[PDB]
Number of protein chains: 2
Amino acid sequence: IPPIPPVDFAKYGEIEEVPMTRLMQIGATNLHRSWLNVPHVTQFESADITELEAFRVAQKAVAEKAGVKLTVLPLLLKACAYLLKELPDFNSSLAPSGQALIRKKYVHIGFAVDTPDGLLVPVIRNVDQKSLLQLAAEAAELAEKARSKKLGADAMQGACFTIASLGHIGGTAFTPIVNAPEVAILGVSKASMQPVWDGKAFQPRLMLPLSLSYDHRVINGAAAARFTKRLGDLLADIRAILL
Amino acid sequence: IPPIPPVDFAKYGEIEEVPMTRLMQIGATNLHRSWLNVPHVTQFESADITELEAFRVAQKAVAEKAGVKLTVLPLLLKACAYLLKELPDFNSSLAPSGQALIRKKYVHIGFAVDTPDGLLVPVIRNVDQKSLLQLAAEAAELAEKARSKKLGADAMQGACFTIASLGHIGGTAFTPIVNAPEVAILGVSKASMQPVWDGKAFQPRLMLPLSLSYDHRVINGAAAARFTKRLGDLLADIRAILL
């Protein structure tokens, strides 16, 4: 692939060289390898989380009694695990022969933690089997170990899917890059009060922006549209996970 | 125990003798054995099922697609199974030595089916592990087999708890009899719209009457009051089963 021509940046003013941590360099390589290997499409959707939010906030007592903080992330992890089982092509990878998908029968999900040294994506194993306060505890632990460089490379392996949440900082939507060999990554941005037509008038609903990027070789437009539609449906009423 | 004196009923008018099925006679014996063995207390509670009802009715599409009818019974079975795990003394039996409780580490629940021949209480095994549409399917099957005399005595065994629902016929509450060696039975009656004080005014909420009878040798008043309070809490918001 043609390289970018070097420029003498100091011809234009003062420059300074800072170096990249080995973590950034690793990260840089993996993103570039994914970019050139995966033809990316991003499907955008918004989910009504007004009732989910009310639930979160009411269970503040129980979560503190348990010592966990219950954010949107365990609710997101539980719903994507239910969906990764319903729509199995999202829980799979392209076999190196280019002619088979390896469908995984397990659901481990990674989530992006941005640390000073670079991006880490710890993996919670068997998300489909853990409860909201279990995933809350564990997500929190893995993030603290990630920040404190105590995350062992074992916990960075064998994910089937990645959630990347930037809702705590800002933004309306973004187009994340698939962590190949996974086949999809869910970006989540900031929730806002939005007018939503109730058939007769506009009601304020709290809306969560979702950005699903996927590997278009494995997932086609209709399948990905159906995945963010079911996810918006499960987040609007998380009780559907019970049936 | 002193017998009831025989009366010549025909001195007062015409009488007719109909016989009891063997099922009624079995049933008659077991109830009398429980009655004389278990000092019974009934704890009454009401649960707000307005939102549960809305959920039931909205999932009518999914349940029909699955071929199951989703009544209140699978929702009741799922919540009592979660609770039978939280409050383990309800999931136990008095050991024959009179000095130990056998705590069961499994949750199988029976439910009363009134058939022409008599009462049958089929048992769904491992209710804690099945989903609302799974319990819906299975409850329906077991009831049809019960009515059609095809219920094998295997499926009438090893229950930990019994739900007896008469909400489809009527009534405000009743005092059910514990099926010893179990230690409790939940009676459920008809839901009604009821005014419920919202701090400022009376709001109509749909209220489900619950009647928990228990074996007072094993369960004391505070524990049973806490059990129907948690059950009313879980039925008012079934999402708490997710955490």
# chains A, B, ... in the order shown; residues from 1 in each chain; ligands from 1
call {"tool": "interface_residues", "arguments": {"of": "chain A", "to": "chain B", "cutoff": "10 Å", "atoms": "only C-alpha atoms", "output": "list in words"}}
result
residues 52, 55, 59, 62, 63, 70, 74, 75, 78, 130, 131, 132, 133, 134, 135, 136, 237, 238, 239, 240, 241, 242 and 243 of chain A
call {"tool": "write_last_selection", "arguments": {"atoms": "C-alpha atoms", "output": "short mmCIF file (atom, residue, chain, number, x, y, z; two decimals), in the first residue's frame"}}
result
data_model
loop_
_atom_site.label_atom_id
_atom_site.label_comp_id
_atom_site.auth_asym_id
_atom_site.auth_seq_id
_atom_site.Cartn_x
_atom_site.Cartn_y
_atom_site.Cartn_z
CA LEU A 52 -34.34 1.24 31.85
CA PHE A 55 -34.97 0.93 36.85
CA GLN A 59 -31.96 -0.17 42.19
CA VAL A 62 -29.52 -2.76 46.17
CA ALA A 63 -26.43 -2.06 44.08
CA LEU A 70 -24.95 -0.34 38.40
CA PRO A 74 -24.20 -4.50 32.67
CA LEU A 75 -27.64 -3.81 31.20
CA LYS A 78 -26.90 -8.71 29.32
CA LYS A 130 -24.20 -13.83 34.98
CA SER A 131 -26.64 -11.47 36.62
CA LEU A 132 -26.76 -7.69 36.44
CA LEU A 133 -25.03 -7.21 39.82
CA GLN A 134 -22.47 -9.96 38.95
CA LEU A 135 -21.57 -8.28 35.64
CA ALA A 136 -21.53 -4.90 37.49
CA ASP A 237 -38.20 -3.34 27.86
CA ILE A 238 -35.52 -5.51 29.41
CA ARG A 239 -38.16 -7.87 30.77
CA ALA A 240 -38.26 -9.45 27.31
CA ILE A 241 -34.98 -11.12 28.28
CA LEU A 242 -37.00 -13.15 30.78
CA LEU A 243 -39.06 -15.07 28.31
#
call {"tool": "residues_around", "arguments": {"residues": "residue 186 of chain A", "least_positions_apart": "6", "cutoff": "7 Å", "atoms": "only C-alpha atoms", "output": "list in words"}}
result
residues 162, 163, 164, 210, 211, 212 and 213 of chain A
call {"tool": "write_last_selection", "arguments": {"atoms": "C-alpha atoms", "output": "compact mmCIF listing (two decimals), in the first residue's frame"}}
result
# COMPACT_ATOMS: atom_id res chain seq x y z
CA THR A 162 -16.96 -5.72 21.90
CA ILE A 163 -19.01 -2.89 23.44
CA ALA A 164 -17.30 0.54 23.28
CA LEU A 210 -26.17 2.94 19.23
CA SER A 211 -23.60 2.54 16.43
CA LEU A 212 -23.12 -1.05 15.33
CA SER A 213 -20.10 -1.47 12.99
call {"tool": "residues_around", "arguments": {"residues": "residue 106 of chain B", "least_positions_apart": "4", "cutoff": "9 Å", "atoms": "only C-alpha atoms", "output": "number ranges by chain"}}
result
B: 85, 91, 125-128, 160
call {"tool": "select_by_dssp", "arguments": {"residues": "segment 21-138 of chain A", "states": "strand (DSSP E)", "output": "PyMOL selection string"}}
result
chain A and resi 40-48+92-94+101-103+109-111+113-115+118-120+123-124
call {"tool": "closest_residue", "arguments": {"among": "B:72, B:4, B:208, B:146", "to": "residue 232 of chain B", "atoms": "only C-alpha atoms"}}
result
B:208
call {"tool": "select_by_dssp", "arguments": {"residues": "segment 12-225 of chain B", "states": "alpha helix (DSSP H)", "output": "PyMOL selection string"}}
result
chain B and resi 22-37+50-58+60-65+72-86+132-147+221-225
call {"tool": "residues_around", "arguments": {"residues": "segment 215-217 of chain B", "least_positions_apart": "6", "cutoff": "12 Å", "atoms": "only C-alpha atoms", "output": "number ranges by chain"}}
result
B: 34-43, 89-95, 98-101, 161, 176-185, 223-224
call {"tool": "write_last_selection", "arguments": {"atoms": "N, CA, C and O atoms", "output": "compact mmCIF listing (two decimals), in the first residue's frame"}}
result
# COMPACT_ATOMS: atom_id res chain seq x y z
N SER B 34 -52.03 -33.70 56.76
CA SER B 34 -51.43 -32.38 56.85
C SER B 34 -52.04 -31.51 57.91
O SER B 34 -51.32 -30.87 58.69
N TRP B 35 -53.37 -31.46 57.96
CA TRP B 35 -54.11 -30.64 58.90
C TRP B 35 -53.71 -30.94 60.34
O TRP B 35 -53.44 -30.02 61.11
N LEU B 36 -53.65 -32.23 60.69
CA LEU B 36 -53.35 -32.62 62.06
C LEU B 36 -51.87 -32.52 62.36
O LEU B 36 -51.48 -32.43 63.53
N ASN B 37 -51.01 -32.50 61.34
CA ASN B 37 -49.59 -32.44 61.56
C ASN B 37 -48.92 -31.08 61.52
O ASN B 37 -47.89 -30.89 62.18
N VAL B 38 -49.49 -30.13 60.79
CA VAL B 38 -48.87 -28.86 60.51
C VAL B 38 -49.66 -27.79 61.24
O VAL B 38 -50.83 -27.60 60.86
N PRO B 39 -49.18 -27.03 62.24
CA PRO B 39 -49.90 -25.88 62.78
C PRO B 39 -49.80 -24.75 61.77
O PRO B 39 -48.73 -24.18 61.52
N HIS B 40 -50.94 -24.48 61.14
CA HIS B 40 -51.07 -23.58 60.00
C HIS B 40 -51.28 -22.12 60.30
O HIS B 40 -52.11 -21.79 61.15
N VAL B 41 -50.60 -21.23 59.61
CA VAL B 41 -50.89 -19.81 59.72
C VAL B 41 -51.01 -19.34 58.28
O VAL B 41 -50.35 -19.93 57.42
N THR B 42 -51.85 -18.36 57.96
CA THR B 42 -51.91 -17.83 56.62
C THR B 42 -51.54 -16.36 56.72
O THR B 42 -52.02 -15.66 57.59
N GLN B 43 -50.63 -15.92 55.86
CA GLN B 43 -50.21 -14.55 55.77
C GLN B 43 -50.82 -14.00 54.50
O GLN B 43 -50.62 -14.59 53.45
N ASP B 89 -35.25 -21.31 53.90
CA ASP B 89 -36.13 -22.05 54.81
C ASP B 89 -37.47 -22.39 54.22
O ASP B 89 -38.16 -23.29 54.68
N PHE B 90 -37.90 -21.67 53.19
CA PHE B 90 -39.15 -21.97 52.53
C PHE B 90 -38.95 -23.12 51.58
O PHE B 90 -39.90 -23.81 51.19
N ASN B 91 -37.71 -23.39 51.20
CA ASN B 91 -37.44 -24.46 50.26
C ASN B 91 -36.93 -25.62 51.09
O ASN B 91 -35.89 -26.19 50.75
N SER B 92 -37.52 -26.04 52.20
CA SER B 92 -36.93 -27.09 53.00
C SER B 92 -38.00 -27.95 53.63
O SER B 92 -39.19 -27.69 53.38
N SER B 93 -37.66 -29.02 54.36
CA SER B 93 -38.69 -29.81 55.01
C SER B 93 -38.20 -30.23 56.37
O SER B 93 -37.00 -30.29 56.61
N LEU B 94 -39.10 -30.47 57.30
CA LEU B 94 -38.72 -30.98 58.60
C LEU B 94 -38.38 -32.47 58.46
O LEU B 94 -39.15 -33.32 57.95
N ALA B 95 -37.12 -32.70 58.87
CA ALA B 95 -36.50 -34.02 58.94
C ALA B 95 -37.35 -34.89 59.84
O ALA B 95 -37.87 -34.36 60.81
N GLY B 98 -37.65 -34.54 63.77
CA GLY B 98 -38.20 -33.38 64.44
C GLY B 98 -37.12 -32.37 64.82
O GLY B 98 -37.45 -31.32 65.38
N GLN B 99 -35.83 -32.60 64.54
CA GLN B 99 -34.80 -31.68 64.99
C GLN B 99 -33.83 -31.18 63.93
O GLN B 99 -32.75 -30.63 64.20
N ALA B 100 -34.22 -31.29 62.67
CA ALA B 100 -33.41 -30.79 61.59
C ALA B 100 -34.34 -30.46 60.45
O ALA B 100 -35.43 -31.02 60.33
N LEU B 101 -33.90 -29.50 59.65
CA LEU B 101 -34.56 -29.12 58.43
C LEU B 101 -33.72 -29.70 57.32
O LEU B 101 -32.49 -29.63 57.37
N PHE B 161 -42.61 -26.69 46.89
CA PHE B 161 -43.53 -25.63 47.18
C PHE B 161 -44.74 -25.82 46.27
O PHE B 161 -44.59 -26.43 45.20
N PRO B 176 -55.15 -21.70 52.12
CA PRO B 176 -54.86 -23.07 51.65
C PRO B 176 -54.19 -23.97 52.68
O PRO B 176 -53.61 -23.50 53.66
N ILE B 177 -54.24 -25.28 52.47
CA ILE B 177 -53.60 -26.22 53.37
C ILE B 177 -52.27 -26.65 52.75
O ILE B 177 -52.15 -26.87 51.56
N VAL B 178 -51.22 -26.53 53.57
CA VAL B 178 -49.86 -26.95 53.26
C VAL B 178 -49.86 -28.43 52.86
O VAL B 178 -50.43 -29.24 53.61
N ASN B 179 -49.21 -28.75 51.73
CA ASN B 179 -49.02 -30.15 51.33
C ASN B 179 -47.77 -30.70 51.99
O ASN B 179 -46.67 -30.67 51.44
N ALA B 180 -47.91 -31.18 53.23
CA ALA B 180 -46.77 -31.70 53.97
C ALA B 180 -46.16 -32.85 53.15
O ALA B 180 -46.95 -33.64 52.63
N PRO B 181 -44.85 -33.03 52.97
CA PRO B 181 -43.83 -32.45 53.82
C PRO B 181 -43.32 -31.11 53.38
O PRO B 181 -42.27 -30.70 53.87
N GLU B 182 -43.98 -30.43 52.43
CA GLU B 182 -43.56 -29.10 52.08
C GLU B 182 -43.89 -28.25 53.28
O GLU B 182 -44.68 -28.65 54.13
N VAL B 183 -43.36 -27.04 53.27
CA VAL B 183 -43.52 -26.18 54.39
C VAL B 183 -44.36 -24.94 54.08
O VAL B 183 -44.67 -24.21 55.03
N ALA B 184 -44.80 -24.70 52.83
CA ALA B 184 -45.62 -23.54 52.51
C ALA B 184 -46.44 -23.75 51.24
O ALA B 184 -46.07 -24.67 50.50
N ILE B 185 -47.51 -23.01 50.91
CA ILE B 185 -48.29 -23.12 49.67
C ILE B 185 -48.80 -21.71 49.41
O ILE B 185 -49.12 -20.99 50.36
N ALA B 223 -40.69 -14.20 59.18
CA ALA B 223 -40.15 -14.73 57.94
C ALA B 223 -41.20 -14.82 56.84
O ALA B 223 -40.90 -14.53 55.67
N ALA B 224 -42.44 -15.19 57.22
CA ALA B 224 -43.48 -15.33 56.22
C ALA B 224 -43.95 -13.98 55.74
O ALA B 224 -44.25 -13.86 54.56
